[PDB]
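Visitor: Residue numbers (full-length UniProt numbering): 6 to 456.
Take this structure first; my questions come after.
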Ligand code: HEM
Ligand SMILES: O=C(CCCCn1ccnc1)N[C@@H](Cc1ccccc1)C(=O)O
């Protein structure tokens with residue numbers, strides 16, 4: 006099988022010692038094709054980029070979720086929360102079973118009011134900008150998505166629109182995520198040069214644990230019965246085991262949700278708005294839908310469901326720049342991938358989602374183009390062609406949450422503002438564990454529609 010250039014004993018590892026590893030891997034996939042082996046010291050994985058192979062990798066009878074090295078490092082603070090759990094860990098299925106009703110379309114109806122609360126704050130923020138002011142899009146999207154998950158997750162107001170300095174939890178979570186990402190490119194991770202990084206990581210873990218544990222303890226102590234994820238986790242019983250999540254796992258779930266609803270979800274909005282302002286006809290069609298559907302000062306859940314084209318904009322943004330750009334699988338047994346590449350039990354696969362989503366055999370030669378209309382009919386999209394939310398039982402539990410939040414907010418943004426790519430912004434995708442259009446800025450001229 007193909008493999009990119011190697012650096013002696015470091016194998017391919019230095020290829021990921023780059024500011025933009027996902028984009029680096031995409032370029033490697035561009036050159037090497039649908040599958041390449043990627044070796045690092047004591048690690049081998051295969052990056053899959055074609056729907057042809059990924060549809061097989063998505064076969065849960067043959068492949069299970071693997072914790073990528075990145076997820077393994079995030080597990081140091083997301084614990085056995087859902088995204089850093091192995092499927093075979095008791096706490097995975099337990100939490101999966103308990104949390105699924107909390108994340109369904111039907112649950113979104115109950116989160117909707119809280120999402121609107123934050124979305125209106127975003128609108129009001131942009132409504133209150135002065136004429137020459139501009140919007141730092143990823144920053145504001147993250148304010149929105151963090152606040153939304155804080156409010157819907159555990160009735161906690163990060164009040165991100167009231168600050169420029171991040172919440173202590175977010176400082177530690179961002180710095181812990183950064184430490185996880187840095188631990189990946191390190192050729193010598195045991196070197197004492199990183200000893201302070203390891204110590205800071207420990208301090209960041211303890212910070213996140215303490216603040217979330219206190220959030221949990223505070224909720225148990227107040228006895229308050231909100232309808233947020235925290236309440237469901239405190240009160241939920243896994244139908245299978247009959248057991249609730251323990252407080253430790255609930256903390257990990259909360260940390261996981263905060264990670265996920267932070268820049269992973271804000272990236273979706275950031276990229277969506279990026280593609281909208283880069284595609285005025287798409288923007289206009291999306292804004293026309295927003296105006297036609299969002300006839301009330303506050304969007305209802307039902308109206309957000311009616312933002313079909315906005316939904317397609319988000320999918321198309323997810324297609325081009327999936328904010329969770331890769332997921333790892335391992336072969337449950339010896340198997341043959343694509344009739345060509347024999348895998349041994351335990352062999353790892355990486356699904357390079359942005360490259361999958363550029364599979365010209367699926368999307369046509371207009372792959373780079375932002376055409377939300379690609380998603381008019383999900384039935385017309387081949388199986389496993391579109392995997393921004395991962396796969397199978399290990400798919401994104403937050404998908405409905407992310408999409409509802411994004412659709413609501415994008416709908417309101419499109420209703421309330423005309424957007425100007427006033428700097429003719431050059432897409433620069435900053436890579437952390439997610440992707441964001443770094444420095445993406447717009448001007449939003451209010452249509453002066455009241456809320
Ligand atoms: C646009 C936004 C989002 C995207 C693109 C996204 C993407 C993904 C992907 C690709 C996976 C699979 C990871 C893997 O297989 O290793 C995943 C899993 C997961 N996501 Fe998301 N996510 C988003 C937002 C959210 C939100 C808002 C939440 C919760 C508040 C969330 C919670 C989770 C959880 C708990 C899992 C693990 C589910 C399980 O394995 O049982 N995500 N997500
Ligand atoms: O696999 C992940 C981790 C992304 C996890 C997405 N996600 C899901 C839920 N929450 C987040 N990165 C990819 C790409 C990469 C490589 C080196 C450094 C950074 C990134 C890989 O390791 O090859």
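Beta carbons: idealized from backbone N, C-alpha and C, even for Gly.
Below 8 Å, how does it come out for the segment 310-328 and the segment 258-274: are there three or more Cβ pairs, yes or no?
Guide: yes
Visitor: Which residues in the same chain as residue 450 place their Cβ atom closer than 6 Å to its Cβ, once the five residues preceding and following it in sequence are excluded?
Guide: 423
Visitor: Should residue 258 go down as buried or exposed, given a rule of 16 or more other Cβ atoms within 10 Å for buried?
Guide: buried
Visitor: Count the other CB atoms within 10 Å of the CB of residue 6; is the residue buried (16 or more) or exposed (fewer)?
Guide: exposed
Visitor: Quick one: using the 10 Å Cβ neighbour count with 16 as the cut-off for buried, is residue 99 buried or exposed?
Guide: buried
Visitor: Determine the extent of the alpha helix (DSSP H) in which residue 114 is found, giving its start and end residues.
Guide: 110-132
Visitor: Confirm the yes/no value for this check: CB of residue 438, any heavy atom of ligand 2, distance under 7 Å.
Guide: Residue 438 Cβ: within cutoff of ligand 2.
Visitor: Take the Cβ of residue 230 as the centre, count every other Cβ of all protein chains shown within 10 Å, and call the residue buried at 16 or more, exposed below.
Guide: exposed
Visitor: Okay, do the segment 341-357 and the segment 404-421 touch, 3+ Cβ pairs below 8 Å being the bar?
Guide: no
Visitor: Quick test of your reading: residue 153 and residue 119, contact by CB under 8 Å. State the CB separation rounded to the nearest angstrom.
Guide: 7 Å
Visitor: DSSP three-state call for residue 67: helix, strand or coil?
Guide: Secondary structure of residue 67 (DSSP, three-state): coil.
Visitor: So the alpha helix (DSSP H) residue 333 belongs to, where does it begin and stop?
Guide: That residue, residue 333, is in no alpha helix (DSSP H); its beta strand (DSSP E) goes 331-336.
Visitor: Taking a contact to mean a Cβ-Cβ separation below 8 Å, would you say residue 69 touches residue 314 in this structure?
Guide: no
Visitor: Heavy atom of ligand 1 less than 7 Å from the Cβ of residue 326, yes or no?
Guide: no
Visitor: Note the first and the last residue of the continuous alpha helix (DSSP H) segment covering residue 6.
Guide: The continuous stretches of alpha helix (DSSP H) do not include residue 6, and DSSP gives it neither H nor E.
Visitor: Looking at residue 56: is its Cβ nearer than 8 Å to the Cβ of residue 387?
Guide: yes
Visitor: Taking DSSP as the reference, what is the three-state secondary structure of residue 321?
Guide: helix
Visitor: Using DSSP with H/G/I as helix, E/B as strand and the rest coil, what is residue 43?
Guide: Of the three classes helix, strand and coil, the one that applies to residue 43 here is strand, per DSSP.
Visitor: Under 7 Å: does the beta carbon of residue 104 sit that close to some heavy atom of ligand 2?
Guide: no
Visitor: Starting from the Cα of residue 148, find the closest Cα among 394, 28 and 131 and give me that residue.
Guide: Looking at the Cα atoms, 131 is the closest of the given residues.
Visitor: Nearest-angstrom Cα distance between residue 457 and residue 213?
Guide: Lying before the first or after the last residue shown, residue 457 is absent from the chain, which here runs from 6 to 456.
Visitor: Closer than 7 Å to a non-hydrogen atom of ligand 1 - does that hold for the CB of residue 68?
Guide: no
Visitor: For residue 370, count neighbouring C-beta atoms within 10 Å of its own C-beta (all shown protein chains included) and say buried if the count is 16 or more, exposed if not.
Guide: exposed
Visitor: What do you reckon, is the C-beta of residue 189 under 7 Å from a heavy atom of ligand 1?
Guide: no
Visitor: Could you check which residue in 137, 95, 368 and 143 has the C-alpha nearest to that of residue 268?
Guide: Comparing Cα-Cα distances from residue 268 to each of 137, 95, 368 and 143, the minimum goes to 143.
Visitor: How would you write the range of the alpha helix (DSSP H) that residue 424 sits in, first residue to last?
Guide: Per DSSP, residue 424 lies in no alpha helix (DSSP H) segment; the continuous beta strand (DSSP E) that holds it begins and ends at 422-425.
Visitor: Identify, in the order they occur along the chain, each residue of the same chain with its Cβ nearer than 8 Å to the Cβ of residue 452, setting aside the five sequence neighbours on each side.
Guide: 420, 421, 422 and 423
Visitor: Whether or not the segment 329-348 and the segment 58-74 are in contact is what I'm after, with contact meaning three or more pairs of Cβ atoms, one per stretch, closer than 8 Å; do they touch?
Guide: By the Cβ test, the segment 58-74 is in contact with the segment 329-348, since at least three Cβ pairs between them sit closer than 8 Å.
Visitor: Under 7 Å from any heavy atom of ligand 1, does the C-beta of residue 262 make it?
Guide: Taken from the Cβ of residue 262, at least one heavy atom of ligand 1 lies inside 7 Å.
Visitor: Could you say which of 243, 123, 222 and 379 lies nearest to residue 155 if we only look at CA atoms?
Guide: 123
Visitor: DSSP has residue 199 in a bridge; who is on the other side?
Guide: BP columns for residue 199 are empty, so no partner.
Visitor: Taking only the alpha-carbon atoms, compute the straight-line gap between residue 339 and residue 263 and give it to the nearest angstrom.
Guide: Their Cα atoms are separated by approximately 36 Å.
Visitor: Cα-Cα, which of 276, 403 and 308 is closest to residue 444?
Guide: 276
Visitor: Could you have a look at residue 482 and say whether DSSP puts it in helix, strand or coil?
Guide: Given a span of 6 to 456 for the chain in the structure shown, any question on residue 482 remains unanswerable.
Visitor: Report the rounded CA-to-CA distance for residue 8 versus residue 183, giving the unit in angstroms.
Guide: 27 Å
Visitor: Consider the C-beta atom of residue 359 and the heavy atoms of ligand 2; say whether any pair is separated by less than 7 Å.
Guide: no
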